[PDB]
Amino acid sequence: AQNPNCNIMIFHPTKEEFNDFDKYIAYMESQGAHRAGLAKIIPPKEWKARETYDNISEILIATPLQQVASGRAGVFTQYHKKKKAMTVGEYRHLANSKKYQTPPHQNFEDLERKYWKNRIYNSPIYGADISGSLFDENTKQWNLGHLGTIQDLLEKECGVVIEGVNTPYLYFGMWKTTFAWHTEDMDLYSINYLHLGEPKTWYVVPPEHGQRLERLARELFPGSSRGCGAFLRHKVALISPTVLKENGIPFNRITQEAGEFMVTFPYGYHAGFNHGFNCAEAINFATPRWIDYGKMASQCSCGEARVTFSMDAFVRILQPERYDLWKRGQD
Ligand SMILES: O=C(O)CNC(=O)C(=O)O
Ligand SMILES: [Mg+2]
Ligand code: NI
Ligand SMILES: [Zn+2]
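- This entry lists X-ray crystallography as its structure determination method and reports a resolution of 1.2700 Å.

- Word for word, the UniProt comment on the protein chain under Catalytic activity is "N(6),N(6),N(6)-trimethyl-L-lysyl(9)-[histone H3] + 2 2-oxoglutarate + 2 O2 = N(6)-methyl-L-lysyl(9)-[histone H3] + 2 formaldehyde + 2 succinate + 2 CO2".
- Under Sequence similarities, UniProt gives the following word-for-word description of the protein chain: "Belongs to the JHDM3 histone demethylase family."

Listed below in structure tokens is the structure:
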């Protein structure tokens, strides 16, 4: 079995190898990459996402989210308070202000220490989940707005024809902006490109051990667990590496820098934080190997997780027994 310790793998495709996206994903899995839950892909030196970022300040962040924490430094939840709209130029200036800017630090490890010590005492503002793309239309390789759609994958593998669409999302971050522990909708893959700015640190649990994380989360957030049998779908809970290690949960960590892709694999729980002002683009995708994960994915029906239009068909076709209850949660 390849990668039996479930380490995060880093890939350096050549420009030739960068042509066929599906083929390269399957290659990485042949080497055991999926066992980690997360892989890094460094693009060939000849590739670029777009010519310059010199013109992005006019993008609007219609609903910036202030991420307010509750709990203790290593075990907390965050709620999102909606803020007034602002442009990316306005948001960048805010990120760089004395109140929000990255503190002085020695290296990524020192910054990580500072994040886990102090995160809860601040409320950074995240421009998350903005439909759109920063890839040039002329970028033909690994262009996250030109991928094969999940609906087309389901049609090719299973024969069924369904409504729905599959588009990318932009994320504008600042110091301490946080993504809570989660798997993707329907335990899909994700791919994330860091277009510019400061790094993003990731934590990940191997898919084969995801239920260990779920059991810890039920212990650590016991009221949330009674409320919902899949409350990690709410995307609000944080658990630090120190707490994970104290509880014997297998995990790995890695830092993504501008110009790099990360892939999350089906049922790979992940969480992390931004180092400073940055912009990422991400989208969900599927392969043949996903279908069995989609059939088994948990679902929130309590009403909190509320998701896209396109998830309806996935539940309806892959999980017809659950459909009625899950749709009550949506309505
Ligand atoms: O970058 C972020 O805030 C969160 N991204 C992801 O969870 C992802 O790409 O799957
Ligand atoms: Mg602009
Ligand atoms: Ni994700
Ligand atoms: Zn729920």
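On we go from here.
**Here we look at the UniProt feature "domain: JmjC" in the protein chain**
And then number 1: The UniProt record annotates "domain: JmjC" at residues 136–302.
And then number 2: In this annotation, residues 136–302 is assigned 23% helix and 31% strand; the end-to-end C-alpha distance for the span is 40 Å.

**Brief notes about the pattern of salt bridges**
When their charged atoms lie close together, side chains carrying opposite charge are able to pair.
And then number 1: Applying the stated rule across the entire model yields eleven salt bridges.
And then number 2: In this structure, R113 and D110 form a salt bridge, with 2.8 Å as the shortest nitrogen-oxygen distance. Here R113 and its partner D110 are both found in helix α3 (residues 108–118), three residues apart, which amounts to about one turn of the helix.
And then number 3: With a relative accessible area of 17%, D110 lands in the buried category.
And then number 4: One network of salt bridges, with partners in common, ties together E163, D312 and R316.

**Considerations on the packing of aromatic side chains**
And then number 1: Applying the stated rule across the entire model yields 31 aromatic pairs.
And then number 2: An angle of 65° between the planes, with centres 6.2 Å apart, marks the rings of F18 and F261 as edge-to-face. Taken as a pair, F18 in the loop between β1 (9–11) and α1 (21–30) and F261 in strand β14 (residues 261–264) lie far apart in primary sequence, 243 residues in all.
And then number 3: Relative accessible area serves as the criterion here: at 0%, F18 is assigned to the buried category.
And then number 4: Note that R50 overlies the ring of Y53, its terminal NZ or CZ placed 5.8 Å from the centroid.

**Digging into the coordination of the nickel ion (ligand 3)**
And then number 1: Looking at the nickel ion (ligand 3), the protein donor atoms are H182 (NE2), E184 (OE) and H270 (NE2), and they sit 2.0 to 2.2 Å from it.
And then number 2: Along the chain, the residues that donate to the nickel ion (ligand 3) are spaced as H-x1-E-x85-H. Of this pair, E184 sits in the loop between β9 (178–182) and β10 (189–197) while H270 sits in strand β15 (residues 269–274); the two residues are 86 residues apart in sequence, bridging distant segments of the chain.
And then number 3: Taking relative accessible area as the criterion, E184 reaches 12% and is therefore assigned buried.
And then number 4: Accessibility expressed as a relative area gives 2% for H270, which makes it buried.

**Observations concerning the site of ligand 1**
And then number 1: The immediate surroundings of ligand 1 are formed by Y126, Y171, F179, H182, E184, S190, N192, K200, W202, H270 and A282.
And then number 2: The side chain of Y126 places a nitrogen or oxygen atom 2.5 Å from an oxygen atom of ligand 1.
And then number 3: One of the side-chain nitrogen or oxygen atoms of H182 is found 3.0 Å away from an oxygen atom of ligand 1.
And then number 4: Here ligand 1, which alone exposes 290 Å², has 94% of that area covered by the protein.
And then number 5: Of all the secondary-structure elements, those providing two or more residues to the shell around ligand 1 are β9, β10 and β11 (200–205).
And then number 6: By residue class, the composition of the shell around ligand 1 is five nonpolar, four polar and two charged.

Rules used in this analysis
Residues numbered from 1 in each chain as written, not as in the entry; some residues may be left out. Chains lettered and ligands numbered in written order. Heavy atoms only, no water. Residues with missing side-chain atoms left out of burial classes, pairs and counts. UniProt positions renumbered as here; feature names shortened; annotations may be inferred. Helix = DSSP H or I, 4+ residues; strand = E, 2+ residues; numbered from the N terminus. Salt bridge = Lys/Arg side-chain N within 4 Å of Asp/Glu carboxyl O. Buried < 20%, exposed > 50% of the residue type's maximum accessible area, 1.4 Å probe, protein only. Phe/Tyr/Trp six-rings, centres within 6.5 Å; stacked < 30°, edge-to-face > 60°. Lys NZ or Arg CZ within 6 Å of the ring centre and 35° of its normal. Donors = N, O, S within 2.8 Å, 3.2 Å for Na, K, Ca; no water. Near = heavy atom within 4 Å. Polar contact = N/O pair within 3.5 Å; in protein donor to acceptor, adjacent residues only side chain to side chain. Areas by Shrake-Rupley, 256 points an atom, 1.4 Å probe, with all protein chains shown as cover. Nonpolar A, V, L, I, M, F, W, Y, C, P; charged D, E, K, R; others polar.

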